[PDB]
Amino acid sequence: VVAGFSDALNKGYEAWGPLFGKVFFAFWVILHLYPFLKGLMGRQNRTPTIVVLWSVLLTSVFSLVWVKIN
Amino acid sequence: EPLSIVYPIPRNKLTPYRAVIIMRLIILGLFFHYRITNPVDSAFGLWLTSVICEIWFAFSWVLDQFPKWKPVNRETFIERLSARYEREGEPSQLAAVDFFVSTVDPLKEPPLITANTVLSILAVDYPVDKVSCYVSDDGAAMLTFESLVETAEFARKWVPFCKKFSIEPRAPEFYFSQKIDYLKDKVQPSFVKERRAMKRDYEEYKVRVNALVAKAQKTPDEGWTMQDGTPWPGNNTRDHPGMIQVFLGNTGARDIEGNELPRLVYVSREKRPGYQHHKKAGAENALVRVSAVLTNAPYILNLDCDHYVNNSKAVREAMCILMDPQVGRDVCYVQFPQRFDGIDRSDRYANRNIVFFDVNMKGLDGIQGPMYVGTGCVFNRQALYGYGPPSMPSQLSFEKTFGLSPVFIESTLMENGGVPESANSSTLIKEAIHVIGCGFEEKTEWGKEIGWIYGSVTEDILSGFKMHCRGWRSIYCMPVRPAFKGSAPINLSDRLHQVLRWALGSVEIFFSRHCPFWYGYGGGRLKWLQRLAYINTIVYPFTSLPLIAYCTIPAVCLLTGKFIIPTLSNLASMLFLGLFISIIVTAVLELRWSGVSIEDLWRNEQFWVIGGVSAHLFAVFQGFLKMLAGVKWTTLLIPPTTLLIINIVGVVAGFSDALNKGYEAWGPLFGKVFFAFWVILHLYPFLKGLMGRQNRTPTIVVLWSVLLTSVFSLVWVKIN
Amino acid sequence: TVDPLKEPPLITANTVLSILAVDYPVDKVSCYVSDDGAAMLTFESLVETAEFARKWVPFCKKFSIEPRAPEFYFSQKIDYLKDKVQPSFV
Ligand SMILES: OC[C@H]1O[C@@H](O[C@H]2[C@H](O)[C@@H](O)[C@H](O[C@H]3[C@H](O)[C@@H](O)[C@H](O[C@H]4[C@H](O)[C@@H](O)[C@H](O[C@H]5[C@H](O)[C@@H](O)[C@H](O)O[C@@H]5CO)O[C@@H]4CO)O[C@@H]3CO)O[C@@H]2CO)[C@H](O)[C@@H](O)[C@@H]1O
């Protein structure tokens, strides 16, 4: 989703329709699956963490920077 | 047989750590070389400040991360200790232990906690003839004396029950106030009735102690009077003779079953007007001297009022560590991890601070051992006096170095310990009273180079460093149970004052004669890595001076400069990515082998940033002022509040100014805003709690105000 | 009181005990209880509360405990042995 998400940005706004449909199905699968995987690998369900958010946004910059450079 | 074994990391988590940290160092070096050479950034002062602060951070990090190299683990074997040294069927051959407890004043902290810790000390699993407890007070208050008198009877009642049913923790308050199932693995048929009766007795004792505390608040004009009908010697705090008393000893009371109980010695020093007395260095040193006279124990276990003994095995584990001819000869003290209790789920205060106690302390254990912290340490008596490691690496001289008293010199001349005369106990009490005289430490080397290193504020780390410079080695033992649990501060003012005190003590040590940069350089006997770790621990507050400037940088860069650094696809961005991924992978891999929760590292680093922002800054400025010569929490919060407001106003104003532009900031705006967001996210959670009534939900009104203020800024920009 | 079924008489009895256990001279304070339902349950509850107050008033007035309501006092998780100095309190 993140890789294709960036690949849609490079296009000239031609994915305004297709991107949401493809992303929505991925979001449905992830939203169902993610909460379970968080708890077993996480110490509490009240607050998953704040570091993973930092890593995710930094990882978002990672893919974005690479796409701009390659 | 080996009573304790010390095994390093299994090497499945250590070589990858070493490789990743070396890669990080190489990447940092390449980054700094490229930054120094190629870019100019079109501005000299801003770029110079950024690069110099980054270089200072790099030096700090490289000098702080190396001590973590070569982590080491350890475990002890009480079963084999008992099998060999206990020698069932023949007299025991276990060394004596002298527990120390020091109190300042009963009003600031209730005497109930002191009584609880005294009971926990008196209810350890060790032969009664060996363990001996000592309690010292600086206030010389009769409330503490009466509390100890009542605690003597309560201990007489409580010790047989605890030692017979092997209950834990030994502290009565902290044990009865437990919601864990008390009937879990107890097989004694008559446990329930005994527990109920002992609980009722403990409640009665609590009532009596509360009555004494309430009575103590009223001061008669004639002064305090004892039950026997004698004026209290400690009427005037400034001027009063020193007094020594004995309880629950072989001479005193005995247990209900007839067995004896460990002796408890209550010592109050002699203080006079015009005489300089140290806060705690002069109390523990006097305790060491008076113990050397009364019961010469080779091992002295130091503690505090708040901290009590959790499990009745810490003494046995210390004996296991210190008794081995191989791994017990060069050992000087066995530092224990001081764990705290009464922690909520949201530990926003980060008072736990176990990343230091586990990731860093164990890492340092490999080279030369941990540092004295001020609680839970079994010092070697000879090491405390100062002799150097055995098998390294005149009478007038002995008088000069130790003191004028000849009895103390004769007692300390014995390596094994004990009392050689073994007679005339009353004369020994008189000799102890003489030894605790105010003028004993006038021109001797007490404290200066022998005992607790005299210091204005902080001396534990100084004493540990001084005694390590002589070639000694220390151990770090982590039992499955904490074995030393104590109450922790729960508010923010106390925590801020404590961190400020630590920073001030570190700065004072740095500016004093005992400076690692140019101290302990004769004869070696100090590992280079250990000296590097000491330098890290001493000059850590100085990083606040560049940290404040660095965290201020983004606010100005986003408003006036409007630039950070030109971006080059080939090399600059690649180096940025390398650093960013290397730091996170290093953190994860380090956490892998230490069993630390991921959120704990983030919480600790944000707390460290806060302390650098305010506590370390004020401490270092006060250090400069004191060195040149020769605070409220509200004032302490001024720098954090100022930085938060300046950063938020700058980021919002620059966001509006970039929006007014024709989409020409698509890269630079994100680049400039990321650093500000990082700083604000590290800083805001702390300020919210102190200015908020709860951490669960900050508020909803502040969100309304923030959106309305954003509308205000937008409207003002549109209209002007 | 309006009716004992809508609200249990236990709360009314607790309030009556709290009223009867105030710190004021016994000759001055006087309590009055009125009912609109005229139910015998309230009368019997008050009759029993009279004996319970006879038992409870000296203890409360001697040990200066608070709050005076027994239902709302015994059901408190705050440390009940906080600042009590009476030797035979337990
Ligand atoms: O516990 C009681 C005991 O405390 C003693 O004082 C201790 C204190 O207890 C410790 O908490 C403290 O530990 C901190 C270090 O002092 C401090 O130097 C260190 O700073 C680190 C920081 O933790 C780390 O996050 C940071 O990483 C950054 C890199 O530096 C950057 O290059 C990169 O860009 O970003 C990362 C962050 O993402 O590096 C710095 C070092 O450069 O943080 C420690 C806490 O985590 O040390 C004190 C003494 O040294 C006290 O003396 C005793 O009396 C007392 O008993």
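Residues numbered from 1 in each chain as written, not as in the entry; some residues may be left out. Chains lettered and ligands numbered in written order. Part of a larger assembly, values for the part shown. Heavy atoms only, no water.

For this deposited structure, the header cites cryo-EM as the method used and 3.5 Å as the resolution.

Asker: Describe in detail the interface of chain B and chain A, supporting the description with residues and values.
Answerer: If you look at the interface, chain B gives 13 residues, while chain A gives eleven residues. Note on chain B versus chain A: buried area summed over both sides is about 1,400 Å², and carbon and sulfur give 83% of it. Counting the contacts that link chain B with chain A gives zero salt bridges. Elements that contribute at least two residues to the side of chain B that touches chain A include exactly α19 (572-594), α20 (598-613) and α24 (668-691) of chain B. The element contributing the most residues to the side of chain B that touches chain A is α19(B), with four residues. Considering only residue class, the side of chain B that touches chain A consists of nine nonpolar, three polar and one charged. (Contact = heavy atoms within 4.5 Å. Buried area = accessible area lost by both parts, 1.4 Å probe. Salt bridge = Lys/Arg side-chain N within 4 Å of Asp/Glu carboxyl O. Helix = DSSP H or I, 4+ residues; strand = E, 2+ residues; numbered from the N terminus. Nonpolar A, V, L, I, M, F, W, Y, C, P; charged D, E, K, R; others polar.)

Asker: An account of the interface of chain C and chain B is needed here, citing residue identities and associated values.
Answerer: Contact residues are listed per partner, giving nine residues for chain C and six residues for chain B. Summed over the shared surface of chain C and chain B, the result is one salt bridge. One salt bridge connects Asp79(C) with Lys206(B), and the closest N-O pair in it is separated by 3.7 Å. Counting across the chain C and chain B interface gives zero residue pairs in polar contact. Within the side of chain C that touches chain B, the residues separate by chemical class into five nonpolar, one polar and three charged. (Polar contact = N/O pair within 3.5 Å; in protein donor to acceptor, adjacent residues only side chain to side chain.)

Asker: Give me the lowdown on the side chain of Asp137(B), citing residues and values where you can.
Answerer: Residue and element names in this part refer to chain B. Looking at the secondary structure, you find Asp 137 in strand β4 (residues 131-137). The charged side chain of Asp 137 is buried without a salt bridge, its nearest counter-charge being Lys 271 at 8.5 Å. Sequence-distant contacts of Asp 137, that is, excluding residues within four places in its chain, are made with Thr 103, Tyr 266, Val 267, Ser 268 and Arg 269. (Buried < 20%, exposed > 50% of the residue type's maximum accessible area, 1.4 Å probe, protein only. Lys, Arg positive; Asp, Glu negative; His and termini not counted.)

Asker: Describe the nonpolar core, naming the residues involved and giving the relevant values.
Answerer: Residue and element names in this part refer to chain B. One finds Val 97, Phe 99, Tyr 126, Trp 158, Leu 264, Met 319 and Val 334 to be the most contacted residues of the largest nonpolar core, which totals 63 residues. In terms of residues, this core owes the most to one element, helix α5 (residues 142-165), which gives eleven residues. When near neighbours in sequence (up to four residues on either side) are disregarded, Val 97 contacts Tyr 126, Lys 130, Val 131, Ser 132, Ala 297, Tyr 299, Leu 301, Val 315 and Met 319. (Core = buried A, V, L, I, M, F, W, Y, C linked by side-chain atoms within 4.5 Å.)

Asker: Tell me about the sheet that holds strand β3 (residues 97-103) of chain B, and please be specific about residues and values.
Answerer: Residues and elements named next belong to chain B. With mixed pairing, the six strands of this open sheet are ordered in space as β5-β6-β4-β3-β7-β11. With partners counted over all chains shown, the strands left at the sheet margins are β5 (243-247) and β11 (377-380), one partner each. Between one strand axis and the next, the sheet turns by 25° as a mean value, whatever way the strands run. Of the pairings in the sheet, the one linking β3 to strand β7 (residues 299-302) comprises four bridges and is parallel in character. Following the sheet pairing, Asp 98 is matched in β7 by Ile 300. Its contacts with the sheet place helix α4 (residues 111-122) against β3, β4 and β6 (264-268), and it is angled at close to 180° to β3. Contacting β3, β7 and β11, helix α9 (residues 314-323) crosses the sheet at an angle of about 125° to β3. (Pairing = 2+ DSSP bridges. Axes fitted to C-alpha atoms, helices over the stretch in contact; angles between N-to-C directions.)

Asker: Can you explain empty space enclosed by the protein? Please cite residues and give values.
Answerer: All names here are of chain B. Space inside the largest cavity adds up to approximately 90 Å³. Lining the largest cavity are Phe 379, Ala 383, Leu 384, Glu 449, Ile 450, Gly 451, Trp 452, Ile 453, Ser 463, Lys 466, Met 467 and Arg 470. Secondary structure elements with two or more residues in the lining of the largest cavity: α11 (381-385) and α15 (460-468). Ranked by residue count, the leading element in the lining of the largest cavity is α15, at three residues. In terms of residue class, the lining of the largest cavity is built from seven nonpolar, two polar and three charged. Looking at the second largest cavity, its volume works out to about 80 Å³. Together, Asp 64, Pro 67, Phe 356, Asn 360, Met 361, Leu 364, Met 371, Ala 533, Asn 536 and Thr 537 line the second largest cavity. Looking at the lining of the second largest cavity, the elements with two or more residues in it are α10 (354-365) and α17 (528-538). The leading source of residues in the lining of the second largest cavity is α10, at four residues. (1 Å grid on protein atoms, 1.4 Å probe; cavity = no way out; pocket = protein on both sides within 12 Å on 5 of 7 lines; lining within 4 Å. Points joined across faces, edges and corners; volume = space filled by probe spheres on them.)

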